[PDB]
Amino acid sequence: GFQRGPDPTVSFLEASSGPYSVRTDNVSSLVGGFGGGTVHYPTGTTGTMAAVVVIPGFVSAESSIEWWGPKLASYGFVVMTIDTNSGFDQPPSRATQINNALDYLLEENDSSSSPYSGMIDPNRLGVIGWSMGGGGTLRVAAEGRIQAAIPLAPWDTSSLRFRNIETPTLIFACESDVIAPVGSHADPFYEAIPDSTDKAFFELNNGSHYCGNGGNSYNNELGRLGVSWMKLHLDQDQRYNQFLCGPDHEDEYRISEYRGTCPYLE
C-alpha cells in the first residue's frame, strides 16, 4: 500500500507542478522551535501520506529551498519548508532544528483542528536539507528517526558520523561548488555510507552551491529524481524505481557523475 496517483512518466515528473493543488499553512517562528516556515499540503487527496521537512543551512543565503514545497507536495506529500535566518547555524544545531520541525508536524497531525489533521502517516518521514542543513540531514539520518534523506550540497566537519547510515539517502552534489567542495564534503559523505544502504550520488554538471535548491537550471533533475526518491522510499512505490535504477544517468548533460547501490528495496 501507500501508492498514490497515476503511473508516472518523465513528463509527469518534470512538469512545473504535480497534479494536486497545494494549500499552505504559515508557521510563525514563535511556535515550533525551528525558525518558522510553511506547511504545503495537497488538496483532493484521501488517506495518509508521508511528511517531509525541507531545511536551508546557508547563513546569509541569497535564496532558499522553497521550490521543493509546492513541487513535492503536489505529488502527494505534506512538505514543510523552513525559513532562513532562524538563529540556527552549524550542522549539529541543524539536526536539532530538523527534529523540532518533525515534532511540530507530528504535533499538528495529532491535533483535531489542524488544516492537515490526520493527513500524515508518522511512520513515513523524509528530510531534504541544504548546505549545513544537509550535514544536519545526514546526522538525523544517522540518528535513525527518518525514512528517506536528500542532502543538497551538504556541508559538515566529518564523515565518520555517517558510516552507519541505513536511511535511504540521495545526495545531490554540485560540481562547481566552492562553499562545500564536492571532494571534501558530498563525495566523502556519500562514500562513508555503507554499500548495503540504498543510496545514490547525483553530481549536477557545473552546479554552484545553490544547484540543489530548485527553481533553477536543474528543475528536471531535482524533480525527476527527487520526487522519485521520496515516492520509492517513503511510499514504497515501485513504479518510481524506473527513474532511479536503470537509466544511464551520467549520459545526461546535467549529470556530471552518478553513483548508487541499485537495486533498492531488496
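Residue numbers here begin at 1 and follow the sequence given.
If you take the mean CA temperature factor per stretch, which one wins between 220-228 and 60-68? Comparing averages over the C-alpha atoms only gives 60-68.
Regarding 147-155 and 115-123, which shows the higher C-alpha temperature factor on average in the entry? Mean B over CA atoms: larger for 115-123.
C-alpha B factor of residue 87, ranked within the chain: lowest, middle or highest third? It falls in the top third of the chain.
Chain-wide C-alpha B factor ranking for residue 210, given as lowest, middle or highest third: CA B-factor rank for residue 210: lowest third.
Quick check on the deposited entry: does the C-alpha B-factor of residue 260 sit in the lowest, middle or highest third of its chain? Within its chain, residue 260 is a lowest-third residue by C-alpha B-factor, going by the deposited values.
Splitting the chain's C-alpha B-factors into thirds, which one does residue 179 fall into? Middle third of the chain for residue 179's C-alpha B-factor.
Residue 30 by Cα B-factor - lowest, middle or highest third of the modelled chain: As the PDB entry reports it, the C-alpha B-factor of residue 30 lands in the highest third of its chain.
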